[PDB]
Amino acid sequence: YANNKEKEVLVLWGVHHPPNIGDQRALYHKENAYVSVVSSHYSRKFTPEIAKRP
Amino acid sequence: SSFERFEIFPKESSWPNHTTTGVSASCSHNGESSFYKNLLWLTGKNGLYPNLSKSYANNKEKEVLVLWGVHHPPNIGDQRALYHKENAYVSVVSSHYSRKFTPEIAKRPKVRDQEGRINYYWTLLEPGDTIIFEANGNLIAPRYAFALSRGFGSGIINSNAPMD
C-alpha cells in the first residue's frame, strides 16, 4: 500500500497464535510460519509461538 | 502492607522425573556450594528431561509474585549433559502474560568464576488467573512465591544509617 493520501495512515493488523500444532496445519497448512510487515521506516518479523494457554 | 512466603511448586513432588539437587559454586554458603532458596535448578535425571507443565491458580485473593529463571550454558557441551537437548525453550504463559525464552548459548567472560548466565524473570499473577510453566530444559523452577498487598507511593533509600 502506498500513502498517496498526503496524510498519516493508521493501518492495524494482527498475528494469530493457535493453541496447538493441530490448529496450525488445518488453518494455514504450515507448521513454521512468519509474517513480514515492512515499510520504508519500519520492520518486524513475527515468529508465531504456539502454546496451550488458559 | 501484608506479605507472606509460600511454596508454590513443592521441591519434592513438583519434579518427580527431574533433578532438583543442582547447586552453584558461585552461590556459596559457608564453604559449601548452594543456590537460591526460593528458586530451583532443574537438571536432567536418569538421562532424560521430560516436557514439564505446571499450572498454579491464584486462589489466595491477592497478587502473587512468582519469579523464575532461564539458564544459558557457555557451550553446546553443557547443554546436552544437563538437559539432554540442544534446542531448548521455556513456555511461561498465563491468562494475561506470554513469553517464549529461546536459550542463546555463547562463551562469555568470567563473571564471578562463571561463563554461564541465568537470566531471571518475574511476573505477577492476578486472582482468577492461572499461570502455566512449560519447559524441556534450562528452567530455573520457582519454589517460593509470595502473596502481597500493594503499598502505592514509596521507594527505596540507600543508607548506612542505624535503626532505632
# chains A, B, ... in the order shown; residues from 1 in each chain; ligands from 1
>>> select_by_dssp(residues="chain B", states="strand (DSSP E)", output="VMD selection string")
chain B and resid 3 to 7 18 to 19 24 to 28 33 to 34 39 to 41 43 to 44 52 to 57 63 to 72 90 to 94 97 to 100 117 to 125 130 to 135 139 to 142 144 to 148
>>> interface_residues(of="chain A", to="chain B", cutoff="9 Å", atoms="only C-alpha atoms", output="ChimeraX atom specification")
/A:49,51-54
>>> write_last_selection(atoms="N, CA and C atoms", output="PDB file, in the first residue's frame")
ATOM      1  N   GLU A  49       4.470 -18.174  18.077  1.00  0.00           N
ATOM      2  CA  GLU A  49       4.781 -19.112  19.151  1.00  0.00           C
ATOM      3  C   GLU A  49       3.497 -19.794  19.610  1.00  0.00           C
ATOM      4  N   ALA A  51       1.322 -22.360  21.912  1.00  0.00           N
ATOM      5  CA  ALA A  51       1.296 -22.930  23.251  1.00  0.00           C
ATOM      6  C   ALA A  51      -0.139 -22.964  23.755  1.00  0.00           C
ATOM      7  N   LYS A  52      -0.415 -23.941  24.613  1.00  0.00           N
ATOM      8  CA  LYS A  52      -1.716 -24.056  25.256  1.00  0.00           C
ATOM      9  C   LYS A  52      -1.787 -23.053  26.402  1.00  0.00           C
ATOM     10  N   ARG A  53      -2.799 -22.195  26.376  1.00  0.00           N
ATOM     11  CA  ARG A  53      -2.964 -21.117  27.333  1.00  0.00           C
ATOM     12  C   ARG A  53      -4.306 -21.248  28.039  1.00  0.00           C
ATOM     13  N   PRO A  54      -4.446 -20.669  29.232  1.00  0.00           N
ATOM     14  CA  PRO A  54      -5.732 -20.734  29.933  1.00  0.00           C
ATOM     15  C   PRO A  54      -6.861 -20.160  29.089  1.00  0.00           C
TER      16      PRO A  54
END
>>> select_by_dssp(residues="stretch 4-46 of chain A", states="alpha helix (DSSP H)", output="list in words")
residues 21, 22, 23, 24, 25, 26 and 27 of chain A
>>> write_last_selection(atoms="N, CA, C and O atoms", output="compact mmCIF listing (two decimals), in the first residue's frame")
# COMPACT_ATOMS: atom_id res chain seq x y z
N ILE A 21 -0.32 -27.57 17.71
CA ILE A 21 0.13 -27.80 16.34
C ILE A 21 -0.97 -28.33 15.44
O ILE A 21 -0.81 -28.31 14.21
N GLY A 22 -2.08 -28.81 16.00
CA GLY A 22 -3.16 -29.30 15.17
C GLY A 22 -3.93 -28.18 14.48
O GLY A 22 -4.32 -28.31 13.32
N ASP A 23 -4.16 -27.07 15.19
CA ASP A 23 -4.87 -25.94 14.60
C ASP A 23 -4.04 -25.21 13.56
O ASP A 23 -4.61 -24.50 12.72
N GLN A 24 -2.72 -25.35 13.60
CA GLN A 24 -1.85 -24.63 12.68
C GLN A 24 -1.84 -25.26 11.29
O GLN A 24 -1.73 -24.53 10.29
N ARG A 25 -1.97 -26.58 11.20
CA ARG A 25 -1.93 -27.25 9.91
C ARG A 25 -3.28 -27.27 9.20
O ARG A 25 -3.32 -27.55 8.00
N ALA A 26 -4.37 -27.00 9.91
CA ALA A 26 -5.70 -27.02 9.31
C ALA A 26 -6.21 -25.65 8.92
O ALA A 26 -7.15 -25.56 8.12
N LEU A 27 -5.63 -24.58 9.46
CA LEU A 27 -5.98 -23.21 9.09
C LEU A 27 -4.99 -22.59 8.10
O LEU A 27 -5.38 -21.72 7.32
>>> residues_around(residues="residue B:23", least_positions_apart="3", cutoff="9 Å", atoms="only C-alpha atoms", output="PyMOL selection string")
chain B and resi 20+26-28+33-36+40-41
>>> closest_residue(among="B:72, B:150, B:54, B:60", to="residue B:107", atoms="only C-alpha atoms")
B:72
>>> atom_distance(atom1="atom CA of residue B:142", atom2="atom CA of residue B:32")
22.0 Å
>>> residues_around(residues="residue B:126", least_positions_apart="2", cutoff="8 Å", atoms="only C-alpha atoms", output="list in words")
residues 58, 62, 63, 64, 124, 128 and 129 of chain B
>>> write_last_selection(atoms="N, CA and C atoms", output="CSV table (one decimal), in the first residue's frame")
chain,number,residue,atom,x,y,z
B,58,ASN,N,-4.3,-18.7,41.4
B,58,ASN,CA,-4.2,-17.7,42.4
B,58,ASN,C,-5.6,-17.7,43.1
B,62,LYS,N,-5.1,-12.5,46.4
B,62,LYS,CA,-4.2,-11.4,46.4
B,62,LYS,C,-3.2,-11.6,45.3
B,63,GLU,N,-2.4,-10.6,45.0
B,63,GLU,CA,-1.4,-10.7,43.9
B,63,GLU,C,-0.3,-11.6,44.3
B,64,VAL,N,0.0,-12.5,43.5
B,64,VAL,CA,1.1,-13.5,43.7
B,64,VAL,C,2.3,-13.1,42.9
B,124,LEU,N,3.6,-11.1,37.9
B,124,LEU,CA,2.5,-11.1,38.9
B,124,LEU,C,1.3,-11.8,38.3
B,128,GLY,N,-8.0,-15.3,40.1
B,128,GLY,CA,-8.8,-15.7,39.0
B,128,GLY,C,-8.0,-16.0,37.7
B,129,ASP,N,-6.7,-15.9,37.8
B,129,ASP,CA,-5.8,-16.2,36.7
B,129,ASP,C,-4.9,-17.3,37.0
